[PDB]
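So this first bit is one chain, no partners, the form deposited in one PDB entry, shown in structure tokens.
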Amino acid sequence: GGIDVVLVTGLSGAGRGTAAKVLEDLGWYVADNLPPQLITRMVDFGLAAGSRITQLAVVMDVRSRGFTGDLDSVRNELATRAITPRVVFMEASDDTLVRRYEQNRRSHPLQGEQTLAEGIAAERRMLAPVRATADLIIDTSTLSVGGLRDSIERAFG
């Protein structure tokens, strides 16, 4: 209960990692791609003296082992410790996501048996219910990195 927990999630390529880095610039301890089942371990570590963390941000998304799209089990276990996480959900238009993948030349996490476009759509379907529980949805369709820096500063300042 003595640690602010932020969960950063959302569409791949919408800026999860960039948003994580902004939080780091603001003084948050950021852990990326922690499996849901291990968040209680991380929170207990943060509460122990000597290794104390007062502001913890975890990036959890389609890559995270055992993440299915619902944070209910995560929210349940965190509540037994008097913690209510703030969930930030990154998204962007299909057109912006496609452009970012063409520019980086990375594979989409759900691409392989389907196209890049089909992977984006499958991720949108997977995450629509958790999106509706996010405390903050940030749409990066036309945001620069500096614009994301300002949006996050405004919400975590």
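Here the rigid core means the biggest group of C-alpha atoms that line up within 1.5 Å when the two forms are laid on top of each other. In case it trips you up, residue 1 is the first one in the sequence shown, and so on.
Name the higher of the two by mean Cα B-factor in the PDB entry, 47-55 versus 113-121. The recorded data point to 47-55.
When the C-alpha temperature factors are averaged for each of 84-92 and 32-40, which stretch ends up with the higher value in the entry? For C-alpha atoms only, the mean B-factor is higher in 32-40.
Taking the values exactly as deposited, rank residue 107 by C-alpha B-factor within its chain and report the matching third: lowest, middle or highest. For residue 107, the deposited C-alpha B-factor lands in the lowest third.
Ranking every modelled residue in this chain by its Cα temperature factor as given in the entry, which third contains residue 3? Residue 3: CA B-factor falls in the highest third of its chain.
Below, we turn to the form deposited in another entry, even though it does not appear here.
Position with Cα shift of 2 Å or more, rigid core superposed between this form and the one not shown, options 64, 96, 55, 40: The displaced C-alpha is that of 64.
After a rigid core superposition, would you say the CA of residue 152 moves by 2 angstroms or more between this form and the one not shown, or not? Yes, its C-alpha moves 2 Å or more.
Is residue 25 among the residues whose Cα moves by 2 Å or more between this form and the one not shown after superposition of the rigid core? Comparing forms between this form and the one not shown, the residue 25 CA shifts below 2 Å.
Fitting the rigid core first, would the Cα of residue 140 be found 2 Å or more away between this form and the one not shown? After core superposition, the C-alpha of residue 140 moves 2 Å or more between this form and the one not shown.
Outcome for the Cα pair residue 143, residue 89 in the other form, compared with this form (closer or farther; change of 3 Å or more): Farther is correct, given that in the other form the C-alpha spacing of residue 89 to residue 143 is increased by at least 3 Å.
Knowing the Cα distance between residue 118 and residue 87 changes 3 Å or more in the other form, does it shrink or grow relative to here? Residue 118 and residue 87 sit closer together in the other form.
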